[PDB]
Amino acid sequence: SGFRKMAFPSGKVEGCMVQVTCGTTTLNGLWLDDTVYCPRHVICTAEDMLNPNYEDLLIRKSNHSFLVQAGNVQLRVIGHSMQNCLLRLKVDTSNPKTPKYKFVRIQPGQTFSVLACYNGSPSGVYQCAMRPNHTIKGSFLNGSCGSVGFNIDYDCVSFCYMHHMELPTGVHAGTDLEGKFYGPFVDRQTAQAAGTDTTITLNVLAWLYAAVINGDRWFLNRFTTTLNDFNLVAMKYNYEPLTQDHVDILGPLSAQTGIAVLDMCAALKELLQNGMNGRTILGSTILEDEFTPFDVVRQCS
């Protein structure tokens, strides 16, 4: 028992991490087979960064202007090309530590592990969620670009995120492994800011189910609610409207705990109206929305 914000074992991802330098700019790259992926803005000097034309910057580069390194060891770049906001560099040798993998675009509200890296070297791993406004509340220092987000289904790594930038508020923006940005942000330094964010209702309920499964039950109550009456309240408190699809998803956890979903909603309703009155849930004094229903079920079984 117990319940932790838990990340996927990162070893499979560690053996894919490389460094990519183009001039005075160094960041991380992801090495699978004979190809290296990194943010295309490795080619920009910060100068270019206020209004970069990436077609212009890229056409002016040679394969040999990219310094790719696996630790101390250079990989000869034999090919380059651009994919949305990614750079794909072909190299002359294969990464034998390459795992079974796939590229996936996740939906806001979902979670994944980030392997923060600097200069191609693993630094730390943490579990986090895609905010509803498509930002990540992360811990990225200068040079963390190219670090990836991933999930692991068995022996297969699903890469869903690559890190590109920090926003004015101090959250982080990036792309899937095809280079398409999450959200309405662009790789250039202007005054873009994070849109309004909400709380991930679906996750809060899951987390409450986790607390319950773990002998915490104080927040429960005798009432129930309809979906509509729940949304009419929850939306005053800045929570994502809850849908029937979301209810269904909570199905297995309802069965396990024997607490009916709408009942758990009633519980949440009061928590929002009355705070926690000093009390805590699974250690926390706030409602955590960074666990998906699926996470809860894997950690609690």
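Numbering starts at 1 and follows the sequence shown. Whichever C-alpha set is largest while still superposing within 1.5 Å between the two forms counts as the rigid core.
Superposing the other copies on the rigid core and comparing 35 to 43 to 65 to 73, farther C-alpha placement in 8 other deposited structures of this protein marks 65 to 73. Rigid core fits of the other structures in 8 other deposited structures of this protein place the C-alpha atoms of one stretch farther away on average; of 124 to 132 and 188 to 196, that stretch is 188 to 196. With 12 to 20 and 283 to 291 compared on mean CA B-factor from the PDB entry, the stretch scoring higher is 283 to 291.
Of the two segments examined, 66 to 74 and 263 to 271, it is 66 to 74 that shows the higher average Cα temperature factor in the deposited entry. Take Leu242, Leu50, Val36, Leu250 and read off each C-alpha B-factor from the entry; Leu50 has the highest.
By the numbers in the PDB entry, the CA B factor is greatest at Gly138 among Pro122, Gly138, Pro132, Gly179. Ranked within its chain, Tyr118 lands in the middle third, by CA B factor from the PDB record. Looking at the C-alpha B-factors along this chain, the one for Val186 belongs to the middle third. Sorting the modelled residues of the chain by their CA temperature factor places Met235 in the middle third. In the deposited entry, the Cα temperature factor of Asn142 places it in the highest third of its chain's modelled residues. Among the modelled residues of its chain, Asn95 has a C-alpha B-factor that falls in the middle third, as given in the PDB entry.
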